[PDB]
Structure formats: C-alpha cells, structure tokens
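Peer 1: Submitted below is the structure of interest, expressed as structure tokens.
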Amino acid sequence: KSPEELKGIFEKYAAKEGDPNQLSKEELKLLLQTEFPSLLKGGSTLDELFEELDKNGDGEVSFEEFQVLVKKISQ
C-alpha cells in the first residue's frame, strides 16, 4: 500500500504504550500475523527476522524500519 496506508496500519499496531510508533517483537508479530498472514516472510519463527530488522529501533521496529520491511516483502 502507499506510505500513508503503511503508516496508518503500522500505527494501528504500534499505538500501545512505552512507544506509540515502534512495533515491539510482540506488536510486529501481531501486525504480521493479523494484517499480513499471506506474507509471513519469516521462518520457523521470526526471531531471526526481528534481529535482522532491529539494527535501529532499540528492540522494536520504527515506522521507517517497518516500511523498509514492507519494501523487502514487496521485492
């Protein structure tokens, strides 16, 4: 979807507590599973995926990092 939509969707799951605009491993999992079951681009887990992504979002995934994930998925 467009950045606007990806942002909206991201925020839907990121807007909990602690940080309202970063998906934790939990919220990343929840987002992926709920919104993108068709695109579970992980493995026999998503730990590795998480570690691969989080070279930035301090144990979570910022919007940029997520949009980059979507970019990767799309590619």
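Identifiers in this document derive from the order of the structure tokens: chains are assigned A, B, ..., residues are numbered from 1 separately in each chain, and ligands are numbered from 1 in order of occurrence.
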Can you pull out every residue within 10 Å of stretch 52-62 of chain A, counting only C-alpha atoms, but drop anything in the same chain fewer than 4 positions away, and send it as a list in words?
Peer 2: residues 10, 11, 14, 19, 20, 21, 22, 23, 24, 25, 26, 27, 28, 46, 47, 48, 66, 67, 68 and 69 of chain A
Peer 1: Using backbone DSSP assignments, extract all strand (DSSP E or B) residues from chain A; output them as a ChimeraX atom specification.
Peer 2: /A:22-24,43,45,60-62
Peer 1: Just the alpha helix (DSSP H) stuff from chain A, please, per backbone DSSP, written as a count of residues only.
Peer 2: 42
Peer 1: When you draw a straight line from atom CA of residue A:41 to atom CA of residue A:73, how long is it in Å?
Peer 2: 6.9 Å
Peer 1: Can you work out which one of A:45, A:39, A:50, A:7 has the shortest atom-to-atom distance to residue A:75, counting only C-alpha atoms?
Peer 2: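 The shortest atom-to-atom distance to residue A:75 comes from A:39.
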